[PDB]
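Quick setup: the structure tokens below cover two forms of a single protein chain, split into structure 1 and structure 2.
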Structure 1
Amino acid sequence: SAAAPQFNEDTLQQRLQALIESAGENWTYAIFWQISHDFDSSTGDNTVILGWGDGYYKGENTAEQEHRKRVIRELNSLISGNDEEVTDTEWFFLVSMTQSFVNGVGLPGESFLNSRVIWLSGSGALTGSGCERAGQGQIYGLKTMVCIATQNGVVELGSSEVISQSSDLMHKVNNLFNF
């Protein structure tokens, strides 16, 4: 934009933080893509869209860097409402907030529609996948990207490290995002 009250909801950022901070491997961030509905102006249409729900960023040229700092100051001024580097993973995390996915489309829409876990481990997996969100993340330094369908949306995890599908992490996501 300009340009681009329940339990499970008051507790969302806490559950995202808990996922990241309480995890076996080193994850860079977690994003929750939420279910929203669009209604078409021409017809009666309930279309499922996955939008930005919330996120938790943990973490671990000069031309590009000052482009980034401008945006952050511009955003700062708009939101409220002494300067150091804006890293690639931070930037990817930031820009992710403007992204949306029609159900079935893109890594999260894919994941939700099929009630699926998509686990892309290693740079080869990310780029070889041919999905642009995976390619984007790989560009920005992520070596692992995960989407886990939950009852209210999709949990996205990413890391600049290579991480194989852990059976334990699956249980974590279920405990925290179902029900």
Structure 2
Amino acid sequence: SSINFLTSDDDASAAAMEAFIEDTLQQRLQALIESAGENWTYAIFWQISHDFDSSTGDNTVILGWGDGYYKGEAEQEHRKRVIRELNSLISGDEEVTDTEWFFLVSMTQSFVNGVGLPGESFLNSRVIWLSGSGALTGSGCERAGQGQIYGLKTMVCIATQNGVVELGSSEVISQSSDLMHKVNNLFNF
């Protein structure tokens, strides 16, 4: 089935981590990109938590997988991919494309406030809009770089009250005046 089932709530990141080695966010994420006039590949929502660093402090804000929705549009690599997909569904055939895979592996990732596109975005309450391959590879952010490797040409992070909405596409997409307001309605309240 579609990969949108493995994302929601299971403390999904833990699952993803060992596999790879407010609500419903999802429906709102789904509405967001379904409710849009550019071909977005996926939306993810990065949620805020707190860590407490060893041996010092530390009230450290951290962004982590909240949820996400994936619209969409070698053979060794592929066996590896389906294996982990079959694992993650298990805990707890059809081809696995680059964007699908990037979407899944994102479940394993987190960001110290101020660091990476999601952390920079949240720290400064910022919209960061990277459009075009050179925009991603020139960004100095390893997630943007990783996204570009997997075929993305647009990656966006928008700071919201509870976290950061991320949009990505394999197309070059300019910032729509309407798409920003939808993010307000769906993610701030």
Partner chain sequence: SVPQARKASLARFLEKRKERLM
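Start at 1 and count along the sequence of structure 1; that gives the residue numbers used here. Only residues modelled in both forms are compared. Rigid core here is just the name for the largest C-alpha set that superposes within 1.5 Å across the two forms.
Remark: structure 2 matches the stated condition (the form deposited without its partner chain). After superposition on the rigid core, the Cα of residue 116 moves by less than 2 Å between the two structures. Once both forms are fitted on their core, a CA shift of 2 Å or more is seen for residue 76 between the two structures. If you fit the rigid core between the two structures, you'll see the Cα of residue 45 move by 2 angstroms or more. Its Cα shifted by 1.1 Å between the two structures, residue 20 is reported here after superposition on the rigid core. Here residue 107 exhibits a Cα shift of 0.5 Å between the two structures, evaluated on the superposed rigid core.
Regions where at least three consecutive shared residues each shift by 2 Å or more at the C-alpha between the two structures, after core superposition, span 1-4, 9-11, 39-45, 63-81.
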